[PDB]
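Participant: Dumping the structure here so I can ask a few things about it.
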């Protein structure tokens, strides 16, 4: 489509099926939150087009706003460009940067790291989840998401990583999100209630299959 923005994401083109990339997920959630129209183009990681090597080093997400626009990679560049070009609806965030900053790396080091550092990585992960949980609790009058009642830039970045964390850790390690992280559990329920989240939910098997590719 030359009519709306194209978002190249990880998918199965032969089945028109979105897959599990959390950074693609972040861009997609950003577009849904601003109710901007888009069209998904699925990249099969076992058969990537040669031009994607030049545009992004082989990576997704990539967007393409039209025939005269260039390809633009990096979910960070994309969401900031998004906020500059479309200030309404806003996705700007008061949340400090340090929060959730090591959720995904610690969770990954748990899944696919050396055993000797696993105990430490578990500890660090739980500090991250503690930070997010406390933050959502102190702001729960504004709403259950980092953006109160609606999706935030922090929601768009952190909710996919948390999704991968709970699903993959429960499947591969029997690990579970403690019941004391109340605000995290109602955060997950709130996200699962959102139509923006429902539109681009790839599902838990997509996550499992994505990570089985490395364990």
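Basis: the model, the stated rules and, where named, an outside source; none is laboratory data. No Cβ is skipped: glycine too gets one built from the backbone with ideal geometry, and neighbour counts run over all protein chains shown.
Participant: Counting only residues that are buried (at least 18 other Cβ atoms within 10 Å of the Cβ) and assigned to a strand (DSSP E or B), how many does the stretch 127-149 have?
Facilitator: 1
Participant: Only one of (1) assigned by CATH to the domain that holds residue 75; (2) in contact with a strand residue (DSSP E or B) (Cβ under 6 Å, 6 or more places away or on another chain) fails for residue 86. Which number is that?
Facilitator: (2)
Participant: Follow-up question, since we're still on this one. For residue 130, all conditions in the list (1) in contact (Cβ under 8 Å) with a residue 24 or more places away in the chain; (2) touching a helix residue (DSSP H, G or I) at 6+ places or on another chain (Cβ under 9 Å) hold save one; what is the number of the exception?
Facilitator: Against the list (1) in contact (Cβ under 8 Å) with a residue 24 or more places away in the chain; (2) touching a helix residue (DSSP H, G or I) at 6+ places or on another chain (Cβ under 9 Å), residue 130 comes up short only on (2).
Yes or no, residue by residue, for (1) surrounded by 14 or more Cβ atoms within 10 Å (Cβ to Cβ); (2) within 17 Å of the chain's Cα centre (by Cα); (3) within 16 Å of residue 152 (Cβ to Cβ); (4) outside the structural domain of residue 162 (by CATH):
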position: 30; (1), (2), (3), (4): yes, yes, yes, yes
position: 48; (1), (2), (3), (4): yes, no, no, yes
position: 55; (1), (2), (3), (4): yes, no, no, yes
position: 61; (1), (2), (3), (4): yes, yes, no, yes
position: 67; (1), (2), (3), (4): no, no, no, yes
position: 73; (1), (2), (3), (4): yes, yes, no, yes
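Participant: Any idea which residue in the stretch 204-215 is surrounded by the fewest Cβ atoms within 10 Å (Cβ to Cβ), counting only those that are touching a helix residue (DSSP H, G or I) at 6+ places or on another chain (Cβ under 6 Å) and touching a residue at least 40 places away in the same chain (Cβ under 8 Å)?
Facilitator: 214
Participant: Return a yes/no flag: does the stretch 112-126 have any residue that is crowded, with 20+ Cβ neighbours inside 10 Å, out of contact with any strand residue (DSSP E or B) (no Cβ under 8 Å at 6 or more places or on another chain) and in the same structural domain as residue 171 (by CATH).
Facilitator: Looking through the stretch 112-126, at least one residue is crowded, with 20+ Cβ neighbours inside 10 Å, out of contact with any strand residue (DSSP E or B) (no Cβ under 8 Å at 6 or more places or on another chain) and in the same structural domain as residue 171 (by CATH).
Participant: Next up: Conditions first: (1) in a helix (DSSP H, G or I); (2) out of contact with any helix residue (DSSP H, G or I) (no Cβ under 8 Å at 6 or more places or on another chain). Residue 121 passes all but one, so which condition is the exception?
Facilitator: Going through (1) in a helix (DSSP H, G or I); (2) out of contact with any helix residue (DSSP H, G or I) (no Cβ under 8 Å at 6 or more places or on another chain) one by one, residue 121 breaks only (2).
Participant: Looking for something out of contact with any strand residue (DSSP E or B) (no Cβ under 8 Å at 6 or more places or on another chain) and under 11 Å from residue 7 (Cβ atoms) - is there at least one such residue anywhere in the stretch 34-46?
Facilitator: No, the conditions are met nowhere in the stretch 34-46.
Participant: Do we have any residue at all in the stretch 93-105 that's surrounded by fewer than 18 Cβ atoms within 10 Å (Cβ to Cβ), within 16 Å of the chain's Cα centre (by Cα), in the same structural domain as residue 50 (by CATH) and more than 24 Å from residue 189 (Cβ to Cβ)?
Facilitator: No, the stretch 93-105 contains no residue that is surrounded by fewer than 18 Cβ atoms within 10 Å (Cβ to Cβ), within 16 Å of the chain's Cα centre (by Cα), in the same structural domain as residue 50 (by CATH) and more than 24 Å from residue 189 (Cβ to Cβ).
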